[PDB]
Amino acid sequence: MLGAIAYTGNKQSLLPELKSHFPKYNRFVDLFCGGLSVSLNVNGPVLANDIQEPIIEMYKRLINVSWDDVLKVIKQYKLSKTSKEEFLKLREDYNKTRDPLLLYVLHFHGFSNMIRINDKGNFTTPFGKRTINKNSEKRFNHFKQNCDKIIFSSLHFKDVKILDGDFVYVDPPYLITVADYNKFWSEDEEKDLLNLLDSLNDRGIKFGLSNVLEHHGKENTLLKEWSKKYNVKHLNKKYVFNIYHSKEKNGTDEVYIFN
């Protein structure tokens, strides 16, 4: 199921399997919502949270615009698969005006669609030799058809209030894989998230957590130990096949850990 935008680490292809394991709830809390692959596709009320304010503000803005507003901008900046100089201009405009619609248009044209915003709040992703495509308006339409049930927020995961009846879904930056958002992460942040999860458990609140125990030769030892206190679902089909067929090393063990 579609996410609002292309996004490193999105859960589009895994969502059906994940919904399999979800519990019932009064409110769905997507604590690290990212590209919104989870939030757009679960029953509301939904609280979509992400520490990257510019992206959250961009979603809040999308609610009131039409695909036509997007094309007008793309037209006025004469962007294309090869408009490197035009892309730099849009980038500067987004950086001094901070209008979220521009951030939305920029993301379609940058390096691997990455949205990188530095400390000063500027977008520094280089040109990606690309522009809108078949899925652009699709993800866009899917966002419009399902954003009603969402309340957006941009707080650090531990500063979000968790209410009884909340089903907390947690898909954070993973230490052992590669993403720009990994700059907001560390062994300490992870200890904090796992303690938070344990508390939710102490309070009888259901949670679900996405991660990887092994990737390319690296393993997350503390996460493996911690996962033994809960249910564990292995999701990478290839990883599971190879496990039964006993024949390979350095695979990606994608898991879903839950109480």
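For every residue, the number given is its place in the sequence shown, counted from 1.
**Q** Averaging CA B factors per stretch from the PDB record, which one is higher: 149 to 157 or 78 to 86?
**A** 78 to 86 has the higher mean C-alpha B-factor.
**Q** If you average the Cα B factors in the entry, which is higher, 68 to 76 or 103 to 111?
**A** Stretch with the greater average CA B-factor: 68 to 76.
**Q** If you check the C-alpha B-factor for each of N195, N220, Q52, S227 in the entry, which is highest?
**A** Spelled out: the listed residue with the top C-alpha B-factor is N220.
**Q** Please pick out which of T125, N141, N122, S186 has the largest Cα B-factor as recorded in the entry.
**A** The record points to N141.
**Q** Can you tell me whether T97 has a C-alpha B-factor in the lowest, middle or highest third compared with the other modelled residues of the same chain?
**A** Middle third by C-alpha B-factor.
**Q** Give the position of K191 by CA B-factor within its chain, expressed as the lowest, middle or highest third.
**A** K191: CA B-factor falls in the lowest third of its chain.
**Q** Can you work out whether the C-alpha temperature factor of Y25 puts it in the lowest, middle or highest third of the chain?
**A** Tercile = lowest for this residue's CA B-factor.
**Q** Classify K60 as lowest, middle or highest third according to the C-alpha B-factor given in the PDB entry, relative to its own chain.
**A** Answer is middle: the recorded C-alpha B-factor places it there.
**Q** Ranked by Cα temperature factor within the chain, is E137 in the lowest third, the middle third or the highest third?
**A** Ranked within chain, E137 CA B lands in the highest tercile.
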